């Protein structure tokens, strides 16, 4: 597992559970091709998206479906989704965690890249 997504809820102080997450890889023609997807677990985490063999250098987009998450909690949100776009680089550490902290009108995101 070289890619992991962690989502937190700043309103309830909890993991953000059952959030849909879609990962795309940028194609040669600049379009976004589907790469991996899933829903966050009870811990707010989504493991098992890809493998080392599949996760080659390139530009990836992680789309977190925040709007559906907030609406399922009965809350009106601002964003359609949260988007995290980055280059995977073999020169740096091998494990990427993309973390996001969600509020209705705001989000924060960070990358934790380790070996």
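Heads up, when I say rigid core I mean the largest set of C-alphas that superpose within 1.5 Å between the two forms. Positions refer to the first chain, counted from 1.
Enquirer: Once the rigid core is matched, which of the two stretches, 42 to 50 or 82 to 90, lies farther off on average in 8 other deposited structures of this protein by C-alpha?
Expert: Once the cores are fitted, 82 to 90 deviates more in 8 other deposited structures of this protein.
Enquirer: Where do the C-alpha atoms have the higher mean temperature factor in this entry, in 64 to 72 or in 86 to 94?
Expert: 86 to 94 has the higher mean C-alpha B-factor.
Enquirer: Which wins on mean Cα temperature factor, 8 to 16 or 21 to 29?
Expert: 21 to 29 has the higher mean C-alpha B-factor.
Enquirer: Between 45, 57, 52, 80, where does the Cα B-factor run highest in the record?
Expert: That would be 52.
Enquirer: Place residue 1 in the lowest, middle or highest third of its chain's C-alpha B-factors, as listed in the PDB entry.
Expert: According to the entry, residue 1 has a C-alpha B-factor in the chain's highest third.
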